[PDB]
Amino acid sequence: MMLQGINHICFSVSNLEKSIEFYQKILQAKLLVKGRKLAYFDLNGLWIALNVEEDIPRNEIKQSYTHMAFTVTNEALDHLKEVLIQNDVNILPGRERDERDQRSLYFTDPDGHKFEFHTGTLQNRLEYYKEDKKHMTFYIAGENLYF
Amino acid sequence: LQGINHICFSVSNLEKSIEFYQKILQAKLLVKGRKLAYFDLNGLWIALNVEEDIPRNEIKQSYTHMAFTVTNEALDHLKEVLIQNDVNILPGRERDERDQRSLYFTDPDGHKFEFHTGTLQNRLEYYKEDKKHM
Ligand SMILES: C[C@@H]1O[C@@H]1P(=O)(O)O
Ligand SMILES: C[C@@H]1O[C@@H]1P(=O)(O)O
Ligand SMILES: [Zn+2]
Ligand SMILES: [Zn+2]
């Protein structure tokens, strides 16, 4: 039957020791336990796992726009971009934006998993597209016309 | 960080993936477009963006996946949903009983998902109980 909500995310990593420092520093995840092949994090109530897969091809992932986004404020976005620069993170060129899309930062973990810091919400994105829609509406049936 | 904003999956065929996300993950469609679709799944903003031209073969070797919470009988029923919809079911990893029950599968483009019947706390305890034992 029904799915109740998100349970956990698992990331395949090639280096447990370096991936831990990435997820702690860049994503501010709180390490809960670690072995030699696993690490569990709490990220604001979200269970995140790192599972080691030592030698797999990780080149095609760079070509896929599949990504995970986290919410930050505008001042936080600018703090984080500097943090990502001083911590040597691969920062992706994002797509062209509209100002109504709200600002974003795209980047990857040491194994190519794409992440995003976003200032907007689903609200805005739907409020965006709906305003665009209203722009193309000239006759509102039900309205009373003069003549 | 304020938590998860949204998750985006690159798909090759929009209508084919939209059905998957509708029928398998039970996500509620909000809006479609030429190369996009937005859902709401248990309060999560799920987005699909289409990219037809890219190679999607190496994604098979990575254990990277996203898990959703289900009850044990939801899992039983969901297993037949997968099979009936010819969903790419992966055989599970070796599990202790305290691992709780799971079912792993992929969407048409190789993104891996899991229906899981446990919690992190369930798992931490199974790990902690191991320490207590020793
Ligand atoms: C919970 C971490 O994702 C791994 P599992 O699903 O193999 O337990
Ligand atoms: C919101 C859907 O993920 C895409 P975007 O990040 O390019 O806007
Ligand atoms: Zn995004
Ligand atoms: Zn899992």
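For chain B, we keep the numbers from Swiss-Prot: what you see runs 2-135, in order.
According to its header, this structure was worked out by X-ray crystallography, 1.6 Å.
Cβ coordinates come from backbone N, Cα and C, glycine included.
Here Swiss-Prot has B:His7, B:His66 binding Mg(2+), and the candidate from B:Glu115, B:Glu126, B:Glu130 in that same listed site is B:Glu115.
Long-range Cβ neighbours of B:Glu115 (active site, proton donor/acceptor) (same chain, at least 6 residues apart, Cβ-Cβ under 8 Å): B:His66, B:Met67, B:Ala68, B:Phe69, B:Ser103, B:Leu104, B:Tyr105, B:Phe106.
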